[PDB]
């Protein structure tokens, strides 16, 4: 149980980037000026708290988005390539026995469909291609794996599920239930209710589905 959520990289001048993308993505790029990054989440109640996106190293969009990020002057393509190559060699245990999460910035920013914020797209070892779509939204305030990655790479922490009791978000992620904050029209909702309400809203807009 969860939601597919359609994040997307907006591309204002598609002709400048056409050679970064395969034929299969060209239609959407030219017509919609977007490259979609579909994520699966069991926490759609936290979507407003997404401060970055992570693709598994083997995700087909990694070279596509890195090509674009190089083209924008934001990414080091060789850094990305070296990371993917290193990851081909690492076992599941070696990628998830986390005493130093590893990732690389792809140089592009995905638009969050919930709030329109532009958030950086990374690839990282701790995200397995086999989980969901192989790309995740990262909510360091409420996901411990994401919190640790954000700590290492200096990424923003945004609280969207407020616990009733005290919590120092500068010490760990709060993974439990609460009421929404920083969630625009969904502010004040209990987080379980918000899972449904947010998912239906995205689905109504063609930017998500119950899954």
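Positions refer to the first chain, counted from 1.
Visitor: Quick one: say whether 34 to 42 or 144 to 152 has the higher mean Cα B-factor in the deposited entry.
Guide: That would be 144 to 152.
Visitor: Between 47 to 55 and 175 to 183, which has the larger average Cα B-factor in the PDB entry?
Guide: Higher mean C-alpha B-factor: 175 to 183.
Visitor: Comparing recorded Cα B-factors across 200, 10, 192, 23, which one is largest?
Guide: That would be 192.
Visitor: Looking at 117, 100, 79, 85, which has the highest CA B-factor as recorded?
Guide: Comparing C-alpha B-factors across 117, 100, 79, 85, the maximum falls on 100.
Visitor: C-alpha B factor of residue 67, ranked within the chain: lowest, middle or highest third?
Guide: As the PDB entry reports it, the C-alpha B-factor of residue 67 lands in the lowest third of its chain.
Visitor: Sort the modelled residues of this chain by their C-alpha B factor and say whether residue 205 lands in the lowest, middle or highest third.
Guide: Middle third of the chain for residue 205's C-alpha B-factor.
Visitor: Against its chain's modelled residues, does residue 96's Cα B factor rank lowest, middle or highest third?
Guide: Ranked within chain, residue 96 CA B lands in the highest tercile.
Visitor: Compared with the other modelled residues in the chain, in which third is the CA B-factor of residue 122?
Guide: Ranked within chain, residue 122 CA B lands in the lowest tercile.
Visitor: Compare the C-alpha B factor of residue 166 with those of the other modelled residues in its chain, then answer lowest, middle or highest third.
Guide: According to the entry, residue 166 has a C-alpha B-factor in the chain's highest third.
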